[PDB]
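Structure record follows, encoded as structure tokens.
Order of listing sets the numbers, starting from 1, for every ligand and every atom in it. Letters A, B, ... are given to chains in the order of the sequence lines, protein chains preceding strands, and every chain is numbered from 1. The basis for the numbers below is simple: all heavy atoms, side chains too, and nothing from hydrogens, waters or symmetry mates.
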Amino acid sequence: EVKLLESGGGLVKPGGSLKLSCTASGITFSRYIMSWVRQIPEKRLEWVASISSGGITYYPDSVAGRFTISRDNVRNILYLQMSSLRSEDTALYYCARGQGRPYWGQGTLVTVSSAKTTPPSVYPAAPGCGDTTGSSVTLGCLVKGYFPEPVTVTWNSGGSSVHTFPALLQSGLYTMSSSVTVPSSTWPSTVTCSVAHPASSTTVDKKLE
Amino acid sequence: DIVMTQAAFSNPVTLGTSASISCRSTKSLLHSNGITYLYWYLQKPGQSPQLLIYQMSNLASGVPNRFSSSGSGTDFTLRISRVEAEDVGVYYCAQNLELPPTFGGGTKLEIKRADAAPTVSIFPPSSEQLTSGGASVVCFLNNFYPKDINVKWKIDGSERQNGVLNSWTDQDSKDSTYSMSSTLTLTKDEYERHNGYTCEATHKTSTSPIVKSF
Ligand SMILES: O=C(O)CCCC(=O)Nc1ccc(/C=C/c2ccccc2)cc1
């Protein structure tokens with residue numbers, strides 16, 4: 001197989017440092033111009049650093065002097081040592097073999113802030129007094145008060161009518177809801193929303209009624 | 001730097017027909033070896049970027065031949081034949097001819113379909129939430145089309161515009177519709193001194209605003 005895997009991301013205080021790493025199967029880093037790129041909220045990729053096969057390093061002004069890209073040719077590992085981190089550095093960082101047919105990993109999240117990692121509060125959203133109790137019912141789970149943003153809502157895994165809305169920041173904490181739809185002829189069969197928040201190593205399962 | 005330019009949007013495309021996404025570079029991407037170093041990738045909501053085409057005309061792994069790219073060294077066109085609902089997302093062109101790596105701003109692919117009214121479902125604060133002092137009322141306006149819509153809140157007949165938060169999804173990869181949620185957040189105290197909350201949704205399809213209250 002051929003794949004790149006970034007790791008090392010997480011929460012960091014402004015002015016702090018962090019070291020990202022990248023390993024791969026099927027790609028020999030020493031032979032290429034290897035790079036690091038990052039994806040911020042804007043969702044438009046930004047080049048962070050590159051290192052040629054010759055070992056020459058390249059950096060944009062945005063990180064010049066604070067970031068250092070390096071490679072361990074023997075163990076086949078790519079690194080990105082970050083320092084004097086700024087809030088503007090918050091993003092999803094990708095490791096990439098850009099030449100020819102580009103390859104990149106799933107990315108690793110780096111969050112720079114003083115804020116605290118808070119677990120999510122999950123509240124069930126089901127029909128109560130006087131509702132459209134019939135064919136096709138809209139159920140849901142409200143998730144609020146968490147941080148960082150990365151959170152995943154899964155419905156019995158077999159969810160095809162799910163609608164997970166973009167999380168919104170509120171007073172420093174994120175909030176989002178997820179709705180699901182199923183025919184009333186199967187409502188009394190157990191509908192559960194599983195909220196996962198790796199940031200706080202928390203997973204909350206709420207069974208609607 | 002080699003600047004890559006694409007329009008932010010393209011006209012809505014009918015399912016089953018072809019879509020064309022343009023892109024241009026400030027410098028030819030045609031290398032001396034005869035290869036043109038242009039690649040295209042796709043970004044769908046909640047997914048990592050996916051390579052579609054590289055070296056101008058080579059399909060990446062798992063990419064159906066409905067996708068193709070053509071053009072010169074500075075002007076290119078990504079073509080998607082027989083557009084499918086799952087094709088919605090943002091298409092990016094980029095160059096890997098030289099450093100520094102540069103990328104286009106991305107072009108969002110819009111799918112045109114038949115109008116649809118929003119399925120509205122409202123929910124009162126949960127008991128578990130009230131026991132903590134909080135009080136947020138939620139209502140979903142799901143699977144509607146077009147994406148243009150507007151929700152209004154009414155507490156005891158009065159309009160409560162303050163304290164409301166709205167969140168919209170991207171075009172659905174399956175049904176090509178849009179969805180959104182409206183959440184009026186307040187203290188359990190403010191919530192108690194009232195009763196009868198209204199989630200009003202006025203679309204442009206019908207003249208009968210679908211309103212739900214409790
Ligand atoms: O020989 C040369 O100088 C030309 C090659 C230069 C090069 O590596 N370019 C290059 C470097 C990195 C990328 C990364 C692209 C990417 C795209 C999507 C997600 C994550 C990363 C894309 C291209």
| request: Answer yes or no: is there an ion pair linking A/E88 with A/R86, defined by an N-O contact shorter than 4.0 Å? | output: yes
| request: Could you note down all residue pairs passing ring-ring contact (aromatic ring centres under 6.0 Å, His included) where residues 52-92 of chain B supplies at least one of them, sequence neighbours left out? | output: B/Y41-B/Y92
Just list the side-chain donor-acceptor pairs under 3.5 Å for residues 137-145 of chain B, sequence neighbours left out, or say none.
unit_1: B/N142; atom_1: OD1; unit_2: A/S179; atom_2: OG; d: 3.0
unit_1: B/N143; atom_1: OD1; unit_2: A/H163; atom_2: NE2; d: 2.7
unit_1: B/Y145; atom_1: OH; unit_2: B/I111; atom_2: O; d: 3.4

| field | Ion pair check, A/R38 and A/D89, cut-off under 4.0 Å | value | yes
| task | Please confirm whether A/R71 makes a cation-pi placement over A/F29, using NZ or CZ under 6.0 Å from the six-membered ring centre and within 45° of the ring normal. | result | no
| query | By side-chain contact (heavy atoms from CB on, under 4.5 Å), which residues pair with B/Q55, not counting sequence neighbours? | reply | B/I35, B/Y37, B/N58
| field | Neighbouring protein residues of ligand 1 - any heavy atom closer than 4.0 Å | value | A/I33, A/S35, A/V37, A/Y94, A/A96, A/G98, A/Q99, A/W104, B/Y39, B/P49, B/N96, B/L97, B/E98, B/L99, B/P101, B/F103
